[PDB]
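To begin, one chain is listed below as structure tokens, in the form deposited in one PDB entry.
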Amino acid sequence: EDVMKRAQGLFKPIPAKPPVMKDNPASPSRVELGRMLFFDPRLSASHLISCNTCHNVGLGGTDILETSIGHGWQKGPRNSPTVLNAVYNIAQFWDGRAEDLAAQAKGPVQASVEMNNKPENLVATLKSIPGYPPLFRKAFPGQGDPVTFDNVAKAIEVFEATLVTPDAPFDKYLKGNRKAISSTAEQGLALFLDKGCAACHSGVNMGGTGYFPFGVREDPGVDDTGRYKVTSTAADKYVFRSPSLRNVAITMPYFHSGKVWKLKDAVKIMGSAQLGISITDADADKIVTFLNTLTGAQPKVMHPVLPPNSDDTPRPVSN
């Protein structure tokens, strides 16, 4: 229709092929190594936590928990965004001050807070695991000492670029198949476009494109729509990334705080005066039916066989 046509300008389907990372060429050995590192809990000092713990490829690329602290740029606990299609995000942080956010993008996003704080421990751990240096040599040829914090992030990044979810019903719709989604789905899309949601949640990743001066907070003055609202005040130090809504139906809970569990309530909360939006409960329901067509084909990811410790591998730090 013209609804389809408008949708085809606002969004693009996820390509099936992993996107190319500038200055980070993919090769099977580098993808394979990134997969190992992504699932390797020895990257944490406890030896218990891997990327997959908080960005679980079985659970929509997130952890279905409210918040955690995973990374050095967080000022507090935040909900773990999906790693699925994360390589298509422009804005990669939940929130910050405008003057910081571009510099923060100097990355890497693929380092947890422990790795970023103690990159010497990361390298020493990997060098002490006999099967790693050979993989690093194969994945990063022509370097004398390829086992580096920067190459760890590069290998993860190329593996991460394979964690894309093409072929959601909405994407079949964008490709021109009007029947790929129900007519109620389509009405939800019409509301999404007309009410102005698409402006913030747009492009190939349907979001992750920018930061906005609205964040969902507790209302200071009985139900999630009554308890939380979109807030924007004079005193705001930080702006908020408007997230990609792809796979939103399988990555509850919602918002930077993880505090809203139901996708319907999230949608009602986004029907906010602060945003120029008023939606009825029946509107909210149609928008949800639409948001449920953004679930892509989930990657089937082999759990890696990790190289064993040596006697030299540092011990877990305890309890």
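Position 1 is the first residue in the sequence shown; the rest follow in order. Think of the rigid core as the biggest set of C-alphas that the two forms share within 1.5 Å after superposition.
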Among the other entries that model both neighbours of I69, does it go unmodelled in a third or more?
yes
Please determine whether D223 lacks coordinates in at least a third of the other PDB entries of this protein that model its flanking residues.
yes
Deposited but uncoordinated residues in the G221/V222 interval:
4 to 9
Test of understanding: from the entry's C-alpha B-factors, which stretch has the higher mean, 16-24 or 298-306?
16-24
Which of the two stretches, 70-78 or 185-193, shows the higher mean Cα temperature factor in the record?
185-193
Highest-ranked of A249, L84, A180, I129 once sorted by CA temperature factor in the record
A180
Taking the values straight from the PDB record, which of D283, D40, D63, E32 has the highest C-alpha temperature factor?
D283
With respect to C-alpha B-factor, does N292 fall in the lowest, middle or highest third of the chain as deposited?
middle
Taking the values exactly as deposited, rank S46 by C-alpha B-factor within its chain and report the matching third: lowest, middle or highest.
middle
Test of reading the entry: by CA B factor among the chain's modelled residues, which third contains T225?
highest
Quick tally, chain-level thirds of C-alpha B-factors: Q110 sits in the middle
Please place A153 in the lowest, middle or highest third of its chain according to the CA B-factor in the PDB entry.
lowest
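The same protein also has a form deposited in another entry, omitted here; what follows describes it.
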Listed options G203, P81, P169, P108; Cα moving by 2 angstroms or more between the shown form and the other one (core superposition):
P108
Using a superposition on the rigid core, decide whether the Cα position of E186 changes by 2 angstroms or more between the shown form and the other one.
no
Can a Cα shift of no less than 2 Å be assigned to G70 between the shown form and the other one, given superposition on the rigid core?
yes
Core superposed first: is there a CA shift of 2 Å or greater at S46 between the shown form and the other one?
no
So the Cα-Cα distance between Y88 and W73 shifts by 3 Å or more in the other form; is it shorter or longer than what we see here?
farther
A change of 3 Å or more separates this form from the other: in the other form, the C-alpha atoms of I49 and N116 are closer
